[PDB]
Each structure stands twice: as C-alpha cells, then as structure tokens.
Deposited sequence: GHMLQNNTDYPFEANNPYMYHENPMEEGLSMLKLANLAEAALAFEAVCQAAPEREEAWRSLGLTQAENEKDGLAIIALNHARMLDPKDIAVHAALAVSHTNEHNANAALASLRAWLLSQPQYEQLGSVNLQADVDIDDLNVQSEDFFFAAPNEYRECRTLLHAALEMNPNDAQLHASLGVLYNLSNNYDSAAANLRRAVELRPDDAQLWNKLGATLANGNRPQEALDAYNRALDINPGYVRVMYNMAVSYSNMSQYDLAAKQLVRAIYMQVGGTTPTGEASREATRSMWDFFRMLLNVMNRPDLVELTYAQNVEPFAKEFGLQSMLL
C-alpha cells in the first residue's frame, strides 16, 4: 500500500507474470516488464526478486521514486542482495538523498563476503567512511568492475566527476557490454560538462539496450545543453513513446513532465504549431516530424 500499483494491469490476470517480466526486459521492454513485476509483487509481496526486478526496471524507465519504494522492500526481504543496494545508491544519488546514497554504497560493499571484514558538506563522515572502505576494497581487488562503478557513484555524489569518469572508464573496459555502466559513465561525463563525450557513452548504452528510456532522456538532456534541439527532440519522442508502451494512471506525472520538457524545447526552437499538438498526448505525429517514422 506504499507502492502506487498501476490499476490498469493485464498482467494481474496472467499465470506467470515474473518469467514474462524477465522476457520483456530484453524483448518488448521496460514499462511492460515493470507491469509484470508489479503483478508479481501484488500477488506474492514476499518475493524479493519481484521487488528487485521492478525497482531496477523503474529506475531504467526514468522513475527513481518508484524504484526506491520497490528496492526498499527487496532490501528488507533480503539485505544481502547486493544488486538492490547498488541500485539504491544510484536512485538516491539521482534524487540527492546523500545519507541514504552513502548507506546504500556501504551496505552494498559490506554485504559481500569478499569485502565484509571492512570535505563533503552534507555528510562529511558518512562520505569519509565510504571513500575509505571502497578504496580499501579496491586494493583488495583492483579489478572489481562493480567496485569502480561504486566509486563512480560515490564521486558523482561529491561532484568529483573527473575521478568518477576514470573509475567508470576502468569499469566499462572490464564490462564493455554493460549498458548500466555505460549510462553511468555517460551521466558522469554530462554532469562534468563533457557532453560530446557523454553521448558517445550514451550511444554505447543504447546499442546494448535500445529500450533504455533513462538513456534516451539523458541524451536529450545533453543535446539540449548543447542547444541541438532537433537532436534532443528526436530522443524525447523515443523516450515518451518507449516509456509508455501501454496505458498509465505518479505515472501520469512522469509522462506529462517529459511531454512538458519536449514541449518547451518545441517552444525554444520556434515551432508554435508543434507546441500546441503536445497537449493531445500523441507521440506518433512527432515521430514523423522528427524523422523517426514514415
């Protein structure tokens, strides 16, 4: 009752929405896969992996709010699920909840048998501790790609983007097919004012996962920072289209906020005619207008 389950869910009827959810993560994609996991969580609230998959899917679908709600259930149900802790650190970092982000990185580390034995204004000591534990882990294991991913998240939180991107760069050399890691390197680069480099990263991330809505929004953000509004427009049509798939009564607000960002770009680029048509909420005419479809 703390998670705003989607009312219009055909997956509630199904027999095996979890296996289906897991198929859709690769083959239909995130919005639909999330619905499937939503159905499993309603039915068997105690399935940690139902909550976990939902949370990671939601974050990938540009909804850290719901991700967090979801991952906190998984974290209560299995506190040694390191994937939930890593994801918690990412969503909180994105939502600027510093204390939680740092507690999720700590937990992520110390929940591993491998590493369990082990100034930043908002949380100087929480950060001191994290940086120390994580750097100690890195001399135990210099080539743990996920250790580098975590230093990357740590250093994002403290706006040390140079050091973050370095670690995330070592991370993608170890795991060059990890879309998650490419996005992280991408966001690090965008946020550190290296937007052309960011797009390179984001483009690797989309080649691995063409339904990765967070990456499409990120790309739009960077193209907008560089005032290339046509390119930005194109990525937000893809974003809006992909993030819905189905039909969505929290969710309205994610969709509308994205429509609003795109609409504002249409205003900025002098297309009053296209600005008005956003209110209708139909993406396809924009897909055609921005070279995406016939």
Sequence ranges absent from the coordinates, based on the deposited chain and numbered from 1: 1 to 7, 126 to 145, 277 to 279, 325 to 327
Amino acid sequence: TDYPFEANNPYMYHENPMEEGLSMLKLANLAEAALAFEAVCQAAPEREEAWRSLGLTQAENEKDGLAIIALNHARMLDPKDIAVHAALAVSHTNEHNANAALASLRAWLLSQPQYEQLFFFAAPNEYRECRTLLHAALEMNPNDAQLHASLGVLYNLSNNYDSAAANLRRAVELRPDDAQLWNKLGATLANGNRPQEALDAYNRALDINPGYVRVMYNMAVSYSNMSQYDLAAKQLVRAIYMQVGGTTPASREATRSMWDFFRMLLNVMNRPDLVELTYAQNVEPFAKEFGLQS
From here on, numbers count along this sequence of modelled residues.
203 to 211 set against 85 to 93, stretch whose average Cα temperature factor tops the other in the entry: 203 to 211
Of 233 to 241 and 41 to 49, the stretch whose C-alpha atoms average the higher B-factor in the entry: 41 to 49
Which of 77, 171, 122, 216 ranks first by CA B-factor in the deposited coordinates: 122
Out of 117, 146, 180, 72, residue topping the C-alpha B-factor column of the entry: 117
Chain-wide C-alpha B factor ranking for residue 251, given as lowest, middle or highest third: highest
Record-listed C-alpha B factor of residue 54: chain third: lowest
Relative C-alpha B-factor of residue 163, binned into the chain's lowest, middle or highest third: middle
Residue 128 CA temperature factor, ranked by third within the chain: highest
Among modelled residues of the same chain, the CA temperature factor third for residue 102: lowest
